[PDB]
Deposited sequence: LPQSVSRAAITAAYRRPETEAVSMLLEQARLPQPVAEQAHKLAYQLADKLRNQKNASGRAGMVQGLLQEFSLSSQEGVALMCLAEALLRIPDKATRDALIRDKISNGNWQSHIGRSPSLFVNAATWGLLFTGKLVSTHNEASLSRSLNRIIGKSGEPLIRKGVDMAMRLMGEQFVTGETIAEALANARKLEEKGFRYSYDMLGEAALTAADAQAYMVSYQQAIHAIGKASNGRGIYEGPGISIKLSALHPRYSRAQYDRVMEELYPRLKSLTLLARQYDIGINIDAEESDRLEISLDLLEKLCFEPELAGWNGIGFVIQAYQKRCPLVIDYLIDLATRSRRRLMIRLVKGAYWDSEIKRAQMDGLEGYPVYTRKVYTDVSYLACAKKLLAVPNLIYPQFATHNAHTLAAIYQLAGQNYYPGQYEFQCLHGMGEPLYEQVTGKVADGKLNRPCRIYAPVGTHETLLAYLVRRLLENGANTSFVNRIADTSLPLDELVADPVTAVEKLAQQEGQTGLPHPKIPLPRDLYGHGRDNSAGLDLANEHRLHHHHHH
């Protein structure tokens, strides 16, 4: 194998204490940079919470709830009398009433500022059955998934883009659908991507790979049963499709990004990337995109490979750095194979340290990589902004975020300094499709929003202080090493696969 390639295979499942200890010093921000990252992260997160004055509103609740000292339900019943007294139009009537004589409709809305259904459930199922089950699951899937979808068709989504593109946001469009099971399914996904490239290209109109929209694709949509697909069949069947779409994105000069999926396909996607990058028809073109997952132990080794690849094939690569979306499934997979170890980290803070270390690796080679830092975590953003150094220029890097999750945070980021933003561009990942293609994406978003470890989850918990929410991962890791006795131990509730 190649020297860069061999090192990747060597790190597939390396001990977690080993991996974390190596990344730790590459991820440590120097004390001056670290404090500036702290301030900016604190500001971003504070404005995200006290947006509708959610923080200070809870303060006046706790204050009057102290002085008067009654139930939380008692406080809500007080607001209801207060609101109905404020609805008395004449003051002299209201006050004389307060002293002479002395409805709960909006107590619901007031409660938010402060088991019998289980009977209905067991009851409803018996008479209704697997039809009721399959309908309700579909129903909640559409209802929860609306917020994550840009449009049902490529044309409806291109239209939805202008509002934010006029403010300096970019877009990457994703035609939903993945893990093709039949040659037909893969063929159809091939069609909907070509149709999308045309639409997004006519829309782009020469704006170019950096400043115009682009497209994101999944190899697993392009080949039947990609899960266990063999090497020779993938190159004969998938690669010509990957080539074709990429040629097409070049003619329109739009970025085309290869999404990263489950970790046992990292090898094969590198093989496809390696061949794509030496097509003569793509020589001198820099529009090829590739996601790397910082939660994998071999991400730093992939970066060394990609850096060498960009040199050998004489192009600048567009590399989306992400943490990763399949962590639950990666762990359950590794636990069932009883394999040597895990390919991903087992403590969330380890992934953050991985991400910070990989970001520095990417920022050091602007001639060979255009970094695209995908994240919704205020501290992560703040740290990359500091790590990228003074004297920003547009093509140095960009941020990325998911439709439905990133806009509140990046609206402090993309925009003019005069209007109080950071003047850094953000590309919004924009899914496109109907109900029939939303399931796997939605589930991954439910796993993301619902985890106690996720930034977007903890920012909502106004009982968690901002200083803990934006705390520094290197320091977190070193605080554990000192309490536990050694740097980088696996998560306690997650033993090694064979145990």
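Student: What stretches of this chain's deposited sequence are missing C-alpha coordinates?
Tutor: Unmodelled stretches, in sequence order: 1-2, 105-118, 131-140, 526-551.
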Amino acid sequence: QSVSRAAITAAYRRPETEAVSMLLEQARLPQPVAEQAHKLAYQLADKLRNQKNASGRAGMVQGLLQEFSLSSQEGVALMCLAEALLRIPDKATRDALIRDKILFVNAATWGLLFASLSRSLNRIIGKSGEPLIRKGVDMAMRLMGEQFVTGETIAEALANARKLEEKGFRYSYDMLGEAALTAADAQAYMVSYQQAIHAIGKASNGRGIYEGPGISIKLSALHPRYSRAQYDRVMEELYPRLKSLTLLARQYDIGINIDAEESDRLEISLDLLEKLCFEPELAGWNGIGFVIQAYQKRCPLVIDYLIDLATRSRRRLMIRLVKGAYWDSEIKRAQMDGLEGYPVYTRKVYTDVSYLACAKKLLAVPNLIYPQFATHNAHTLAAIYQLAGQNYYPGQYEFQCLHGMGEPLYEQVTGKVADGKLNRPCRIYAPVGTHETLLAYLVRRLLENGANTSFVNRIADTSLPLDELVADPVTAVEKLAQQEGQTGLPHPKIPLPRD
From here on, numbers count along this sequence of modelled residues.
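Student: Going by the average Cα B-factor in the PDB entry, point out whether 227-235 or 209-217 comes out higher.
Tutor: The recorded data point to 227-235.
Student: Determine, for stretches 175-183 and 121-129, which one has the higher mean CA B-factor as deposited.
Tutor: Higher mean C-alpha B-factor in the PDB entry: 121-129.
Student: When the CA B-factors of 242, 383, 331, 139 are compared as recorded in the entry, which is the largest?
Tutor: That would be 139, according to the entry.
Student: Considering only 107, 405, 283, 294, which residue's Cα atom bears the greatest B-factor as recorded?
Tutor: Of 107, 405, 283, 294, 107 has the highest C-alpha B-factor.
Student: Consider only the C-alpha atoms of the modelled residues in this chain, order them by B-factor as the entry records it, and name the third containing residue 304: lowest, middle or highest.
Tutor: Tercile = lowest for this residue's CA B-factor.
Student: Taking the entry's C-alpha B-factors for this chain, is residue 448 in the lowest, middle or highest third?
Tutor: For residue 448, whose C-alpha B-factor we compare with every modelled residue in the chain, the answer is the lowest third.
Student: Taking the entry's C-alpha B-factors for this chain, is residue 394 in the lowest, middle or highest third?
Tutor: Answer is middle: the recorded C-alpha B-factor places it there.
Student: By the recorded C-alpha temperature factor, relative to the other modelled residues in its chain, which third is residue 58 in?
Tutor: Its C-alpha B-factor belongs to the highest third of this chain's values.
Student: Could you tell me which third, lowest, middle or highest, the C-alpha B-factor of residue 158 occupies within its chain?
Tutor: Tercile = middle for this residue's CA B-factor.
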